[PDB]
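K.L.:
Structure for this input, please:
(one chain, ligands or ions: 2)
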Amino acid sequence: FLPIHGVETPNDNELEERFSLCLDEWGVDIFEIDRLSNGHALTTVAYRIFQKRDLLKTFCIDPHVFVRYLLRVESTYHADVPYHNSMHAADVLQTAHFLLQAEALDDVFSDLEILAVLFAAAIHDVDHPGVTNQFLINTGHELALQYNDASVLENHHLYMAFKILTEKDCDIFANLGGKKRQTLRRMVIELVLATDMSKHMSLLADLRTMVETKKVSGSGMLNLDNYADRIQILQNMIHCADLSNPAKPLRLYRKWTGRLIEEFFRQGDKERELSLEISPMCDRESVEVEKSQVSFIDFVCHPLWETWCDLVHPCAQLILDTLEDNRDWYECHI
Ligand SMILES: [Mg+2]
Ligand SMILES: [Zn+2]
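P.N.:
Numbering: from 1, shown residues only. Ligands and ions are numbered 1, 2, ... in the order given. Next comes the structure:
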């Protein structure tokens, strides 16, 4: 008695068509999936990916339960936050689903590790209030005091996703063994913590380490039986996915960017209003959109994707190309 896409929609055959051809593609139109499904990108994309990877069958997750949990997660994203809402989460979830398909990663990950990274992706920004970690620290907000300045929002997103599992008939993980639930919980934690930006430099250093260890190996592929290595990859992977907008098709990159800048400007408006110094990129009086994108691509996004593409060489070529064309496009619109 379950609609073909988990929750009901006005546009079932269109959506079937989009999901059937697009979900293993780089560069999916999450905004249209959202409009076509009446606000339910997250729930629909997640339902379909978990069906497509056989994850309901594999972990005995009741599909009514999955759907209800996601509907609640989706509701606890804030629709009025311009960028960090459930469409962002649907994007990151699909993108991570894509980056798992690279031929150089076939049979490296257990199914529980796949489950972890995709669940993490779906929840990684749940309840975001549209302000950065630095803002919450700089303002002495309750959350920053509580988490002692460390991964403030990421910790909070995790808290909210786990409380929701409690609620009546929402525990998708109910039929997993005890030592699995606890293993999964450990991974999901580590994965959503890896989306905190202040870990960027550290993760990228571990990822290059592992690139260098693959270039010098006798059999040009990596010993990935150590769980500690695997989880590093997966930490980088969900962070790549979170920083994927500048490597998406130009039109989608620009839509994502207009939203991000509106979020940032609103935060600068709150800073101005409290006599605080205005965060980078948050100042509507002073900021220069194009120059900020070129500099973010040069200093953060390109060196991350370059190293990722080097690990999975050559299965992520299109990413790096689209990223570079986007860089150049933004440079000559300065
Ligand atoms: Mg985040
Ligand atoms: Zn995010």
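K.L.:
got the residues of this protein near ligand 2?
P.N.:
125, 242 (Cβ under 5 Å from the ion). Placement of C-beta: from N, CA and C, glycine included.
K.L.:
Give me the residue at the spatial middle of the chain.
P.N.:
A centroid search over the chain (Cα atoms, centre = their mean) returns residue 92, at 3.3 Å, as the residue closest to the centre.
K.L.:
which residues sit against the helix or strand encompassing that residue?
P.N.:
Here residue 92, judged by DSSP states H and E, is contained in helix 86-99. By Cβ atoms under 8 Å, 6 or more residues apart in numbering, the residues outside helix 86-99 that reach it are 23-26, 28, 30-31, 33-34, 41-42, 45-46, 49, 53, 73-74, 77, 79, 117-118, 121-126, 237-238, 240-242, 244-245, 256, 308, 316.
K.L.:
Just want the residue of the stretch 1-150 of the chain that's nearest ligand 1.
P.N.:
Closest approach of the stretch 1-150 of the chain to ligand 1 (Cβ to the ion) occurs at residue 125, with a separation of 4.6 Å.
K.L.:
Tell me, how many residues neighbour that residue?
P.N.:
Neighbours of residue 125 under the rule other Cβ atoms under 10 Å: 24.
K.L.:
which ones are touching it?
P.N.:
Counting by Cβ under 8 Å, 6+ apart, residue 125 touches 77, 84, 88, 89, 92, 153, 157, 195.
K.L.:
ok, which of those residues also contact ligand 1?
P.N.:
Among the contacts of residue 125, the ones lying close to ligand 1 by the criterion of Cβ under 5 Å from the ion are residue 195.
K.L.:
Please enumerate the strands of the stretch 201-334 of the chain.
P.N.:
Applying DSSP state E, counting those that start in this stretch to the stretch 201-334 of the chain gives no strands.
K.L.:
where exactly do the helices run in it?
P.N.:
For the stretch 201-334 of the chain, helices defined by DSSP state H, counting those that start in this stretch occupy the ranges 227-242, 250-273, 289-296, 302-311, 317-332.
K.L.:
Can you tell me which of those is nearest to ligand 1?
P.N.:
Comparing the helices of the stretch 201-334 of the chain under Cβ to the ion, the one sitting nearest is helix 227-242, at 6.3 Å.
K.L.:
Residue 213: what's its closest spatial neighbour, skipping adjacent residues?
P.N.:
residue 222 (6.5 Å; Cβ to Cβ, 6 or more residues apart in numbering).
K.L.:
measure the one you found to ligand 2 for me?
P.N.:
28 Å (Cβ to the ion, to the nearest Å).
K.L.:
Around that residue, how many other residues sit close by?
P.N.:
Using other Cβ under 10 Å, residue 222 is surrounded by 18 other residues.
K.L.:
what do you get for the one 10 residues further on?
P.N.:
Close neighbours of residue 232, defined as other Cβ under 10 Å, add up to 19.
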